[PDB]
Amino acid sequence: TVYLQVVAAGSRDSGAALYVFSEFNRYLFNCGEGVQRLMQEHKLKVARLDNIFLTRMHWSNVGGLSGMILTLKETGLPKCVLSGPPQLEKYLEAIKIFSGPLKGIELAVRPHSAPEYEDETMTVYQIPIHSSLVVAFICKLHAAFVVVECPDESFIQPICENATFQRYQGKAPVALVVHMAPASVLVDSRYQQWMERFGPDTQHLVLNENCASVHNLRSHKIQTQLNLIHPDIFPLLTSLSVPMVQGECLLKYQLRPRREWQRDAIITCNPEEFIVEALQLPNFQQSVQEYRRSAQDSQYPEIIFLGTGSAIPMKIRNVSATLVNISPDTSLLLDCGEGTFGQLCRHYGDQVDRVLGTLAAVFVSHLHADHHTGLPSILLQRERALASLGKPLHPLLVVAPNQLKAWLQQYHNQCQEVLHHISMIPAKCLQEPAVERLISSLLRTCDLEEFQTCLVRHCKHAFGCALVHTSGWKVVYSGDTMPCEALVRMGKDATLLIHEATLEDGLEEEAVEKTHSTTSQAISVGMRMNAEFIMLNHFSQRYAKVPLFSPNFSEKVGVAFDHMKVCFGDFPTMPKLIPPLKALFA
Ligand SMILES: [Zn+2]
Ligand SMILES: [Zn+2]
């Protein structure tokens, strides 16, 4: 028995990706960014992913590796094999710069030069195609598959003229064909003469950017339930001669018994059912009523919590990210971990082409897979956004540790040119004139009076930052630290402060043995800093629910959640949301 599934249908927020599995082995195609988030919400059976097949060197195709290697490291999968362009493995020697030279997992890379494979089923054949190089994969069970990627119009003529597909067209039998091509090039005129020759008995699956659907379900559920409390700070999310069907979430297929689709576990959203389920929790409705009665008691500088999790994400909190915007047309992103662009898109919708046009700089605290992975996704999409608005490309300033430049240089030299979108400021120069003038540009582009940095605790070369505006409001971002005096010394009297509750109280021994902070320690550090408001972020990977309360939870403390919005005028009412939230996650 063998099936097939569509992990991602190719929406704007997530690239295309396919998942094949049987009794013996399991496979994966185009492991793009955010793929590891999926396959865990849906509870798909990993633990046997011997092979990964990649159709291009672009980031949207190869972005999910760094997380999938670690996921396989968990559960101890002995080996994995990559297949794709010859430029692989040089991408991989670049990942080891920041991912740490892990030796528990041994892996191999197969270039396009290997034609046969032939291992225990389905006998992958690799088919290189040039325009500048893509590889198409066709598989033959001991039925047949076809998986093709056609990013541009220039690939149509090579694709339709290849001789490899001609011994399966007409009469072999190719059960399916999967296309991942933009809607613009899907029709052409030379095209549709190639997918025709397979005969109408075959069905074609397409994963264009027009594949509108929701791949998460649970995030939307929790967000609507939260919006039940107070809508302003919890906005709702937003998303031929032969037969042809458009791709959806997972879906399903069968090849041997009969070639039939199956909607066994498609995902659907039912806001009203979510609301009625929510209203049955113990004392949730009463708490919301009390809060609404209590509510009877500027908006420009605001912060959006795109991500608040730690370690590999777990379907409720994504890897840490936080957007700070000083005006409707000037912004700043802070940490840029994995999945940032997906969160931004699923938060704003069609305004992303304008929000990306306001970014002025980014700030990565340190080099961990949860803090800098998603930057190239922001850069590439910012390029397109600038193109759509009819303005030239202006490099996006980035403040980062000096060790980040090595990974970017390796990627630039080995996979694709991405370095020309970036202007780098070494974070060391912003703590206690070529880079000085770039610093002046950073300060002037946001009207910030000063930008400050400090070497915080945790691993080597980890930093925090403080931002102070000409209007006088001051916000300090800690990053990952254990209670240290670098904060406070960085400048007290901050209007807002963000700190990490990576652990619950009573685990100070773990907070000492490993460099992370408990909630009580975080609140203590914030109160010593004498900040007007204290905000908790970067939560523990164990629970992902509301934290544990302690006596020191003063009026100045708050609990951050994913996709949440905040303004300086919301502080007097923010502490009053605790009861209904605690009733929600009972
Ligand atoms: Zn780290
Ligand atoms: Zn961290």
# chains A, B, ... in the order shown; residues from 1 in each chain; ligands from 1
call {"tool": "select_by_dssp", "arguments": {"residues": "region 203-330 of chain A", "states": "alpha helix (DSSP H)", "output": "PyMOL selection string"}}
result
chain A and resi 218-227+271-278+284-294
call {"tool": "write_last_selection", "arguments": {"atoms": "N, CA, C and O atoms", "output": "mmCIF file, in the first residue's frame"}}
result
data_model
loop_
_atom_site.group_PDB
_atom_site.id
_atom_site.type_symbol
_atom_site.label_atom_id
_atom_site.label_comp_id
_atom_site.auth_asym_id
_atom_site.auth_seq_id
_atom_site.Cartn_x
_atom_site.Cartn_y
_atom_site.Cartn_z
ATOM 1 N N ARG A 218 -5.581 24.989 14.236
ATOM 2 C CA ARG A 218 -5.526 25.258 15.671
ATOM 3 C C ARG A 218 -5.158 26.706 15.973
ATOM 4 O O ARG A 218 -5.702 27.300 16.913
ATOM 5 N N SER A 219 -4.227 27.284 15.214
ATOM 6 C CA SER A 219 -3.871 28.681 15.437
ATOM 7 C C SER A 219 -5.077 29.585 15.216
ATOM 8 O O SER A 219 -5.333 30.500 16.008
ATOM 9 N N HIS A 220 -5.838 29.337 14.147
ATOM 10 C CA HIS A 220 -7.041 30.124 13.889
ATOM 11 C C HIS A 220 -8.068 29.933 14.997
ATOM 12 O O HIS A 220 -8.722 30.891 15.423
ATOM 13 N N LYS A 221 -8.233 28.694 15.462
ATOM 14 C CA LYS A 221 -9.156 28.421 16.558
ATOM 15 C C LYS A 221 -8.808 29.256 17.783
ATOM 16 O O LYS A 221 -9.657 29.979 18.325
ATOM 17 N N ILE A 222 -7.552 29.180 18.226
ATOM 18 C CA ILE A 222 -7.161 29.895 19.437
ATOM 19 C C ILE A 222 -7.257 31.399 19.219
ATOM 20 O O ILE A 222 -7.616 32.148 20.133
ATOM 21 N N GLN A 223 -6.950 31.869 18.007
ATOM 22 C CA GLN A 223 -7.000 33.304 17.758
ATOM 23 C C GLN A 223 -8.429 33.827 17.797
ATOM 24 O O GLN A 223 -8.680 34.907 18.336
ATOM 25 N N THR A 224 -9.380 33.089 17.221
ATOM 26 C CA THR A 224 -10.772 33.524 17.298
ATOM 27 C C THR A 224 -11.279 33.479 18.734
ATOM 28 O O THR A 224 -11.984 34.393 19.186
ATOM 29 N N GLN A 225 -10.921 32.431 19.475
ATOM 30 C CA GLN A 225 -11.337 32.373 20.870
ATOM 31 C C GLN A 225 -10.776 33.549 21.659
ATOM 32 O O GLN A 225 -11.484 34.133 22.486
ATOM 33 N N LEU A 226 -9.515 33.910 21.417
ATOM 34 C CA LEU A 226 -8.933 35.080 22.067
ATOM 35 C C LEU A 226 -9.653 36.356 21.649
ATOM 36 O O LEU A 226 -9.981 37.201 22.489
ATOM 37 N N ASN A 227 -9.907 36.512 20.349
ATOM 38 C CA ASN A 227 -10.630 37.684 19.871
ATOM 39 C C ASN A 227 -11.985 37.803 20.542
ATOM 40 O O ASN A 227 -12.531 38.907 20.651
ATOM 41 N N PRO A 271 -15.710 29.116 12.519
ATOM 42 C CA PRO A 271 -15.619 30.089 13.622
ATOM 43 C C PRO A 271 -16.727 29.970 14.655
ATOM 44 O O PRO A 271 -16.463 30.076 15.861
ATOM 45 N N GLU A 272 -17.966 29.744 14.218
ATOM 46 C CA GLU A 272 -19.079 29.679 15.158
ATOM 47 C C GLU A 272 -18.949 28.471 16.076
ATOM 48 O O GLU A 272 -19.226 28.554 17.279
ATOM 49 N N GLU A 273 -18.536 27.329 15.521
ATOM 50 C CA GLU A 273 -18.344 26.146 16.352
ATOM 51 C C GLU A 273 -17.212 26.363 17.348
ATOM 52 O O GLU A 273 -17.296 25.923 18.501
ATOM 53 N N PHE A 274 -16.145 27.046 16.927
ATOM 54 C CA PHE A 274 -15.091 27.385 17.874
ATOM 55 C C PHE A 274 -15.623 28.257 19.001
ATOM 56 O O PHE A 274 -15.290 28.030 20.168
ATOM 57 N N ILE A 275 -16.452 29.252 18.678
ATOM 58 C CA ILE A 275 -16.981 30.136 19.714
ATOM 59 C C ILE A 275 -17.846 29.351 20.694
ATOM 60 O O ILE A 275 -17.721 29.501 21.917
ATOM 61 N N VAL A 276 -18.740 28.504 20.177
ATOM 62 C CA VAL A 276 -19.623 27.759 21.068
ATOM 63 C C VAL A 276 -18.852 26.739 21.896
ATOM 64 O O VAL A 276 -19.230 26.471 23.042
ATOM 65 N N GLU A 277 -17.781 26.153 21.354
ATOM 66 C CA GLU A 277 -16.923 25.298 22.168
ATOM 67 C C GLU A 277 -16.236 26.106 23.262
ATOM 68 O O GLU A 277 -16.118 25.651 24.406
ATOM 69 N N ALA A 278 -15.772 27.311 22.925
ATOM 70 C CA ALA A 278 -15.086 28.138 23.908
ATOM 71 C C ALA A 278 -16.011 28.507 25.057
ATOM 72 O O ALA A 278 -15.603 28.487 26.223
ATOM 73 N N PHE A 284 -15.278 30.733 31.835
ATOM 74 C CA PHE A 284 -14.705 31.596 30.807
ATOM 75 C C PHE A 284 -15.653 32.734 30.463
ATOM 76 O O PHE A 284 -15.244 33.898 30.373
ATOM 77 N N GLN A 285 -16.930 32.412 30.253
ATOM 78 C CA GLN A 285 -17.901 33.444 29.916
ATOM 79 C C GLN A 285 -18.044 34.449 31.050
ATOM 80 O O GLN A 285 -18.131 35.659 30.812
ATOM 81 N N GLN A 286 -18.063 33.967 32.294
ATOM 82 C CA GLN A 286 -18.140 34.876 33.431
ATOM 83 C C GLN A 286 -16.933 35.801 33.474
ATOM 84 O O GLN A 286 -17.069 37.004 33.728
ATOM 85 N N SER A 287 -15.740 35.256 33.236
ATOM 86 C CA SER A 287 -14.536 36.076 33.259
ATOM 87 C C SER A 287 -14.555 37.129 32.161
ATOM 88 O O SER A 287 -14.182 38.284 32.403
ATOM 89 N N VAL A 288 -14.982 36.757 30.952
ATOM 90 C CA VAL A 288 -15.056 37.730 29.867
ATOM 91 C C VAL A 288 -16.079 38.811 30.189
ATOM 92 O O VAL A 288 -15.855 39.995 29.913
ATOM 93 N N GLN A 289 -17.219 38.427 30.770
ATOM 94 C CA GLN A 289 -18.215 39.416 31.169
ATOM 95 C C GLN A 289 -17.644 40.391 32.191
ATOM 96 O O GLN A 289 -17.826 41.610 32.074
ATOM 97 N N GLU A 290 -16.950 39.870 33.204
ATOM 98 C CA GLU A 290 -16.366 40.739 34.220
ATOM 99 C C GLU A 290 -15.342 41.683 33.606
ATOM 100 O O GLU A 290 -15.301 42.872 33.945
ATOM 101 N N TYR A 291 -14.505 41.173 32.701
ATOM 102 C CA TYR A 291 -13.531 42.029 32.033
ATOM 103 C C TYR A 291 -14.220 43.122 31.231
ATOM 104 O O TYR A 291 -13.775 44.274 31.219
ATOM 105 N N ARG A 292 -15.290 42.772 30.520
ATOM 106 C CA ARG A 292 -15.977 43.767 29.707
ATOM 107 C C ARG A 292 -16.613 44.840 30.577
ATOM 108 O O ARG A 292 -16.647 46.013 30.190
ATOM 109 N N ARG A 293 -17.125 44.461 31.750
ATOM 110 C CA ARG A 293 -17.627 45.464 32.686
ATOM 111 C C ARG A 293 -16.498 46.335 33.225
ATOM 112 O O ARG A 293 -16.680 47.541 33.424
ATOM 113 N N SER A 294 -15.328 45.741 33.473
ATOM 114 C CA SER A 294 -14.208 46.513 34.001
ATOM 115 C C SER A 294 -13.620 47.449 32.953
ATOM 116 O O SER A 294 -13.018 48.470 33.303
#
call {"tool": "residues_near_ligand", "arguments": {"ligand": "ligand 2", "cutoff": "7 Å", "atoms": "only C-alpha atoms and all ligand atoms", "output": "list in words"}}
result
residues 310, 368, 370, 371 and 480 of chain A
call {"tool": "residues_near_ligand", "arguments": {"ligand": "ligand 1", "cutoff": "10 Å", "atoms": "only C-alpha atoms and all ligand atoms", "output": "PyMOL selection string"}}
result
chain A and resi 310-311+365-371+458-460+462+479-481+515-516
call {"tool": "closest_atom_pairs", "arguments": {"of": "region 297-342 of chain A", "to": "region 543-546 of chain A", "cutoff": "12 Å", "atoms": "only C-alpha atoms", "output": "JSON lines"}}
result
{"residue": "A:307", "atom": "CA", "partner": "A:544", "partner_atom": "CA", "distance": 11.8}
{"residue": "A:308", "atom": "CA", "partner": "A:544", "partner_atom": "CA", "distance": 9.4}
{"residue": "A:309", "atom": "CA", "partner": "A:544", "partner_atom": "CA", "distance": 7.5}
{"residue": "A:310", "atom": "CA", "partner": "A:544", "partner_atom": "CA", "distance": 9.2}
{"residue": "A:311", "atom": "CA", "partner": "A:544", "partner_atom": "CA", "distance": 11.3}
{"residue": "A:312", "atom": "CA", "partner": "A:544", "partner_atom": "CA", "distance": 11.7}
{"residue": "A:313", "atom": "CA", "partner": "A:544", "partner_atom": "CA", "distance": 9.4}
{"residue": "A:314", "atom": "CA", "partner": "A:544", "partner_atom": "CA", "distance": 7.8}
{"residue": "A:315", "atom": "CA", "partner": "A:544", "partner_atom": "CA", "distance": 9.2}
{"residue": "A:316", "atom": "CA", "partner": "A:544", "partner_atom": "CA", "distance": 6.8}
{"residue": "A:317", "atom": "CA", "partner": "A:544", "partner_atom": "CA", "distance": 6.6}
{"residue": "A:318", "atom": "CA", "partner": "A:544", "partner_atom": "CA", "distance": 10.0}
{"residue": "A:319", "atom": "CA", "partner": "A:544", "partner_atom": "CA", "distance": 11.8}
call {"tool": "residues_around", "arguments": {"residues": "residue 326 (chain A)", "least_positions_apart": "4", "cutoff": "12 Å", "atoms": "only C-alpha atoms", "output": "PyMOL selection string"}}
result
chain A and resi 298-304+330-333+358-360+445-448+467-471+473-475+567-568
call {"tool": "write_last_selection", "arguments": {"atoms": "N, CA and C atoms", "output": "PDB file, in the first residue's frame"}}
result
ATOM      1  N   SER A 298       0.039  57.550  22.872  1.00  0.00           N
ATOM      2  CA  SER A 298      -0.814  57.475  21.693  1.00  0.00           C
ATOM      3  C   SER A 298      -0.804  56.067  21.108  1.00  0.00           C
ATOM      4  N   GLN A 299      -1.519  55.885  19.998  1.00  0.00           N
ATOM      5  CA  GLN A 299      -1.613  54.582  19.354  1.00  0.00           C
ATOM      6  C   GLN A 299      -0.565  54.373  18.270  1.00  0.00           C
ATOM      7  N   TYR A 300       0.310  55.358  18.023  1.00  0.00           N
ATOM      8  CA  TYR A 300       1.257  55.229  16.917  1.00  0.00           C
ATOM      9  C   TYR A 300       2.385  54.261  17.249  1.00  0.00           C
ATOM     10  N   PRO A 301       3.182  54.476  18.299  1.00  0.00           N
ATOM     11  CA  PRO A 301       4.202  53.477  18.645  1.00  0.00           C
ATOM     12  C   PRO A 301       3.567  52.210  19.183  1.00  0.00           C
ATOM     13  N   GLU A 302       3.590  51.139  18.395  1.00  0.00           N
ATOM     14  CA  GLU A 302       2.914  49.905  18.760  1.00  0.00           C
ATOM     15  C   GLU A 302       3.801  48.724  18.403  1.00  0.00           C
ATOM     16  N   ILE A 303       3.532  47.592  19.049  1.00  0.00           N
ATOM     17  CA  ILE A 303       4.313  46.379  18.862  1.00  0.00           C
ATOM     18  C   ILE A 303       3.369  45.218  18.594  1.00  0.00           C
ATOM     19  N   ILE A 304       3.758  44.364  17.652  1.00  0.00           N
ATOM     20  CA  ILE A 304       2.996  43.174  17.293  1.00  0.00           C
ATOM     21  C   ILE A 304       3.850  41.952  17.592  1.00  0.00           C
ATOM     22  N   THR A 330       7.024  53.316   8.857  1.00  0.00           N
ATOM     23  CA  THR A 330       8.394  53.075   9.304  1.00  0.00           C
ATOM     24  C   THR A 330       8.356  51.990  10.370  1.00  0.00           C
ATOM     25  N   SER A 331       9.166  50.945  10.206  1.00  0.00           N
ATOM     26  CA  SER A 331       9.050  49.773  11.063  1.00  0.00           C
ATOM     27  C   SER A 331      10.426  49.232  11.423  1.00  0.00           C
ATOM     28  N   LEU A 332      10.417  48.185  12.250  1.00  0.00           N
ATOM     29  CA  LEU A 332      11.622  47.510  12.714  1.00  0.00           C
ATOM     30  C   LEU A 332      11.202  46.156  13.275  1.00  0.00           C
ATOM     31  N   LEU A 333      12.005  45.119  13.018  1.00  0.00           N
ATOM     32  CA  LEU A 333      11.525  43.748  13.164  1.00  0.00           C
ATOM     33  C   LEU A 333      12.117  42.979  14.338  1.00  0.00           C
ATOM     34  N   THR A 358       7.865  49.133   4.492  1.00  0.00           N
ATOM     35  CA  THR A 358       8.161  50.077   5.563  1.00  0.00           C
ATOM     36  C   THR A 358       9.357  49.657   6.410  1.00  0.00           C
ATOM     37  N   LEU A 359       9.797  48.404   6.310  1.00  0.00           N
ATOM     38  CA  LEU A 359      10.916  47.932   7.117  1.00  0.00           C
ATOM     39  C   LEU A 359      12.140  48.803   6.883  1.00  0.00           C
ATOM     40  N   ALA A 360      12.833  49.146   7.968  1.00  0.00           N
ATOM     41  CA  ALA A 360      14.045  49.949   7.884  1.00  0.00           C
ATOM     42  C   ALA A 360      15.266  49.211   8.421  1.00  0.00           C
ATOM     43  N   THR A 445      16.707  57.201   9.918  1.00  0.00           N
ATOM     44  CA  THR A 445      15.589  56.602   9.200  1.00  0.00           C
ATOM     45  C   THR A 445      14.423  56.255  10.116  1.00  0.00           C
ATOM     46  N   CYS A 446      14.623  56.275  11.435  1.00  0.00           N
ATOM     47  CA  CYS A 446      13.554  55.991  12.388  1.00  0.00           C
ATOM     48  C   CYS A 446      13.358  57.111  13.404  1.00  0.00           C
ATOM     49  N   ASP A 447      14.058  58.236  13.249  1.00  0.00           N
ATOM     50  CA  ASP A 447      13.963  59.355  14.189  1.00  0.00           C
ATOM     51  C   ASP A 447      14.369  58.936  15.600  1.00  0.00           C
ATOM     52  N   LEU A 448      15.094  57.827  15.712  1.00  0.00           N
ATOM     53  CA  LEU A 448      15.563  57.371  17.012  1.00  0.00           C
ATOM     54  C   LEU A 448      16.709  58.248  17.495  1.00  0.00           C
ATOM     55  N   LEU A 467      15.950  51.072  22.502  1.00  0.00           N
ATOM     56  CA  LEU A 467      15.564  52.089  21.535  1.00  0.00           C
ATOM     57  C   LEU A 467      14.906  53.248  22.263  1.00  0.00           C
ATOM     58  N   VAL A 468      15.396  54.459  22.007  1.00  0.00           N
ATOM     59  CA  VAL A 468      14.845  55.671  22.600  1.00  0.00           C
ATOM     60  C   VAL A 468      14.538  56.660  21.483  1.00  0.00           C
ATOM     61  N   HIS A 469      13.313  57.171  21.482  1.00  0.00           N
ATOM     62  CA  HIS A 469      12.795  57.989  20.398  1.00  0.00           C
ATOM     63  C   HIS A 469      12.863  59.471  20.749  1.00  0.00           C
ATOM     64  N   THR A 470      12.827  60.306  19.707  1.00  0.00           N
ATOM     65  CA  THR A 470      12.839  61.749  19.917  1.00  0.00           C
ATOM     66  C   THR A 470      11.647  62.199  20.752  1.00  0.00           C
ATOM     67  N   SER A 471      10.544  61.451  20.703  1.00  0.00           N
ATOM     68  CA  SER A 471       9.390  61.731  21.545  1.00  0.00           C
ATOM     69  C   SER A 471       9.636  61.383  23.004  1.00  0.00           C
ATOM     70  N   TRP A 473       9.835  58.167  24.375  1.00  0.00           N
ATOM     71  CA  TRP A 473       9.488  56.814  24.779  1.00  0.00           C
ATOM     72  C   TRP A 473      10.659  55.872  24.533  1.00  0.00           C
ATOM     73  N   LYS A 474      10.872  54.966  25.484  1.00  0.00           N
ATOM     74  CA  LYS A 474      12.025  54.079  25.476  1.00  0.00           C
ATOM     75  C   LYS A 474      11.552  52.645  25.639  1.00  0.00           C
ATOM     76  N   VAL A 475      12.082  51.758  24.800  1.00  0.00           N
ATOM     77  CA  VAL A 475      11.769  50.335  24.849  1.00  0.00           C
ATOM     78  C   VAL A 475      13.075  49.560  24.776  1.00  0.00           C
ATOM     79  N   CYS A 567      -0.365  48.669  22.449  1.00  0.00           N
ATOM     80  CA  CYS A 567      -0.017  50.081  22.389  1.00  0.00           C
ATOM     81  C   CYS A 567       0.273  50.591  23.795  1.00  0.00           C
ATOM     82  N   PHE A 568       0.910  51.763  23.871  1.00  0.00           N
ATOM     83  CA  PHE A 568       1.225  52.343  25.173  1.00  0.00           C
ATOM     84  C   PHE A 568      -0.025  52.704  25.962  1.00  0.00           C
TER      85      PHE A 568
END
call {"tool": "residues_around", "arguments": {"residues": "residue 23 (chain A)", "least_positions_apart": "3", "cutoff": "12 Å", "atoms": "only C-alpha atoms", "output": "PyMOL selection string"}}
result
chain A and resi 1-3+20+26-27+45+48+120-121
